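FYI, side chains are in, hydrogens and waters are out, and symmetry mates aren't considered; it's all heavy atoms of this structure. So that the names make sense, note that chain A is the first sequence line, chain B the second, and so on, each numbered from 1.
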Amino acid sequence: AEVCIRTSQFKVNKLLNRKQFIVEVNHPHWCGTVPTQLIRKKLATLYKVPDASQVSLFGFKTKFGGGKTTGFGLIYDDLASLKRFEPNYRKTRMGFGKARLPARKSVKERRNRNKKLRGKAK
Amino acid sequence: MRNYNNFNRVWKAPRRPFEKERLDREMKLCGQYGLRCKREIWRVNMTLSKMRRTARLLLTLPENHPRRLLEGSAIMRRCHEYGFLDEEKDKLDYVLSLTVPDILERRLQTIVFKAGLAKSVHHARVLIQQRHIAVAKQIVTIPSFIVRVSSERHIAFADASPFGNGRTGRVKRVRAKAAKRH
Amino acid sequence: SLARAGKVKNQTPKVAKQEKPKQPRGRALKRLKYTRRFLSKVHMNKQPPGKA
Amino acid sequence: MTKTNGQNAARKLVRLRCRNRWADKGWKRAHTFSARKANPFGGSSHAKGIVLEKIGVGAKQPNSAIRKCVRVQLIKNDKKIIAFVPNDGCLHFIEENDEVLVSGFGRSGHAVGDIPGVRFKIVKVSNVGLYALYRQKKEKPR
RNA sequence: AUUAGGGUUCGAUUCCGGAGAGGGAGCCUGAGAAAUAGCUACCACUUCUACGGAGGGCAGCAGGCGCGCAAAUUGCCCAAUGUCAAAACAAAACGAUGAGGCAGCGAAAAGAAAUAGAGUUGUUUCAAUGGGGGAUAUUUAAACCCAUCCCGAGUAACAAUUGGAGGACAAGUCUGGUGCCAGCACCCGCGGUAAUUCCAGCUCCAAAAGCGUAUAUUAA
Ligand SMILES: [Mg+2]
Ligand SMILES: [Mg+2]
Ligand SMILES: [Mg+2]
Ligand SMILES: [Mg+2]
Ligand SMILES: [Mg+2]
Ligand SMILES: [Mg+2]
């Protein structure tokens with residue numbers, strides 16, 4: 001059960017301080033789907049990135065019939081650059097994201113009540 | 001609302017639903033190629049009638065007309081790559097001579113049986129539906145797949161099937177589980 | 001009138017179904033018809049003419 | 001020697017066709033409003049009503065039978081019609097003051113068969129299909 | 001939509017244009033309105049009150065009542081597409097958005113497709129696979145579906161239906177019951193004691209996860 005990785009369309013983005021590419025994974029005779037964590041470690045080793053936390057991988061699609069999976073990947077220059085530019089929902093998947101806000105319905109009712117009042121008591 | 005995905009139909013029912021001559025002929029084709037319902041024949045009719053309609057319009061146009069030089073070689077190329085016409089026929093008036101069996105032989109179900117992977121058309125149908133046949137290393141599960149000429153030499157058993165390089169089947173594994181339970 | 005309503009339907013003696021074994025639904029049924037009608041004045045189901 | 005033929009004679013040909021289309025009985029019915037007012041249905045395919053009573057209609061000669069029917073008052077416009085009740089039995093399923101769904105008889109307002117002057121048919125009683133009750137695939141509610 | 005050609009017919013409804021916000025007038029602000037989740041009055045309905053008075057406008061999204069032959073959840077989210085704006089993102093430090101997106105209900109309609117397959121003697125074997133049940137996991141804003149992978153079929157009960165069998169029109173001189181009654185029948189026609197047509201059983205026919213009926217409309 002080996003894994004082979006090939007990156008198709010490589011582009012370097014000086015703005016946003018990252019590199020973008022398409023990831024292709026070949027896993028013949030593998031049981032199930034390849035976890036995203038495993039692909040990150042191989043990608044970091046292949047591209048000589050120091051910290052594996054600098055790699056971001058988006059939604060993967062499995063080919064019909066098995067043995068191949070394709071997705072999208074990002075490699076940031078620094079760890080600070082990743083946290084500054086990444087969307088919150090992807091940062092939550094990694095493990096360091098802001099907590100979910102209260103339900104929108106409660107926010108709507110609170111603001112509508114305050115529309116009546118005017119003073120410092122609103 | 002505000003959705004712009006297209007769709008169309010691919011078949012139509014015949015006039016005169018109870019014509020005895022047509023009923024016998026359609027029953028002939030159904031048993032010879034292992035089809036499921038008369039709808040599989042009728043979608044072949046619509047493909048054939050569309051091809052003849054565009055050929056008839058092109059032949060009315062004079063030769064050396066731009067819409068005849070282009071779109072005339074394109075349709076003839078399609079027939080050659082898929083195998084409906086042999087390479088010897090290059091005239092644009094041999095498209096009008098195509099028959100229903102000429103298309104039904106290029107289905108994956110008929111190709112698998114003729115090649116030798118299956119012993120009958122009905123055995124071929126279940127093999128395709130059970131993920132045992134691969135075309136150029138790709139598993140195909142659709143019996144109506146139309147095989148290209150260049151793809152015929154690459155039709156073989158799938159590497160993930162027990163008949164190829166895959167693990168054992170369901171009954172062999174179930175028997176093994178029972179043997180280990182004992 | 002209106003009294004003779006449903007006369008014959010209620011008069012008919014009740015006969016139960018036979019509950020035969022099932023049939024090959026699907027592509028297998030089309031195969032069965034093809035092998036019966038062909039490859040063993042063409043007559044479909046023929047009654048015993050000994051009645052008359 | 002029946003029609004004009006001139007190259008600049010389009011106006012005559014247009015007027016001639018317009019007046020002669022009215023002689024078509026089918027064309028006239030679809031382009032006037034008298035039929036729609038006459039139709040107990042307001043141009044719909046079905047209507048609902050209340051059963052007033054059960055009647056029997058004699059079959060026209062040379063047939064001989066008593067065809068079972070009911071008279072219905074429609075809810076949308078309070079018009080009264082006569083509807084045939086098909087199939088053996090099937091009159092016991094219908095009681096007075098029941099709601100029914102009525103449909104056409106298949107000839108677009110023309111009478112059908114040996115039933116004199118009947119152009120409607122019952123298809124539902126008490127929100128349950130009449131044929132379903134006849135086959136015993138459902139039970140009469142309430 | 002239908003159509004050899006010429007034609008006939010539909011277009012409330014996604015894009016463009018117009019008009020309206022219960023009805024009817026009038027107006028302020030403003031670059032722009034004769035604006036209606038702005039104001040003023042009258043008419044028709046209607047809510048609260050301590051009776052002095054004060055309010056209302058779903059032909060926005062969900063919902064409810066009526067009307068009818070006739071049409072969904074008082075759901076999740078701003079992740080995407082946009083709009084506004086005092087505004088990149090991030091850092092104590094998260095703009096709004098029923099536009100819009102996502103799912104629930106949904107045989108309007110449209111694709112692909114299971115309900116087995118291969119054999120030995122005169123009824124007995126062999127493999128294969130889905131529906132289904134789960135996953136280190138994958139997808140997703142979060143879920144769900146798809147895709148990927150294993151414990152599982154022999155009445156493989158994991159059991160296919162809807163209309164028909166005189167003619168038009170494919171398919172029974174079959175067997176009982178009824179006796180111009182009951183009923184069938186789009187039309188022609190069956191039924192009055194030996195019914196190819198009704199009510200049933202059997203056997204056959206057509207289309208098939210679909211098949212009948214009604215009303216419009218195109219061809220015929
Ligand atoms: Mg497999
Ligand atoms: Mg028009
Ligand atoms: Mg008035
Ligand atoms: Mg609403
Ligand atoms: Mg019968
Ligand atoms: Mg008899």
Exercise. Touch check for C:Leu29, heavy atoms < 4.0 angstrom, all strands: base, sugar-phosphate only, or nothing?
Worked result: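 Contact class for C:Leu29: base.
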
Exercise. Contact class for D:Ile66 vs. all strands (heavy atom < 4.0 Å): base, sugar-phosphate, or nothing?
Worked result: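 Counting heavy atoms under 4.0 Å across all strands, the contact made by D:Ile66 is with sugar-phosphate only.
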
Problem set entry | B:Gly34 backbone acceptor or donor facing B:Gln109 side chain under 3.5 Å | yes

For this session: Could you give the distance separating E:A35 and E:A103 at their P atoms, to the nearest angstrom?
Result: 41 Å

For this session: Report yes or no: do A:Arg18 and A:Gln20 form a side-chain donor-acceptor pair below 3.5 Å?
Result: yes

Exercise. Counting only side-chain N and O atoms of C:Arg27, is one of them less than 4.0 Å from OP1 or OP2 of E:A113?
Worked result: no

For this session: Give a yes/no on whether any side-chain N or O of D:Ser108 is located under 4.0 angstrom from OP1 or OP2 of E:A216.
Result: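 For E:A216, OP1/OP2 do have a side-chain N/O of D:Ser108 under 4.0 Å.
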
Syn or anti for [N], taking syn as within 90° of 0?
| N | result |
| --- | --- |
| E:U155 | syn |
| E:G52 | syn |
| E:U121 | anti |

Exercise. Of the candidate nucleotides E:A137, E:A141, E:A171, which contains the atom at the shortest distance from the side chain of A:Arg100?
Worked result: E:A141

For this session: Give the nucleotide from the list E:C187, E:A137, E:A114 with an atom nearest to the side chain of B:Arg125.
Result: E:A114

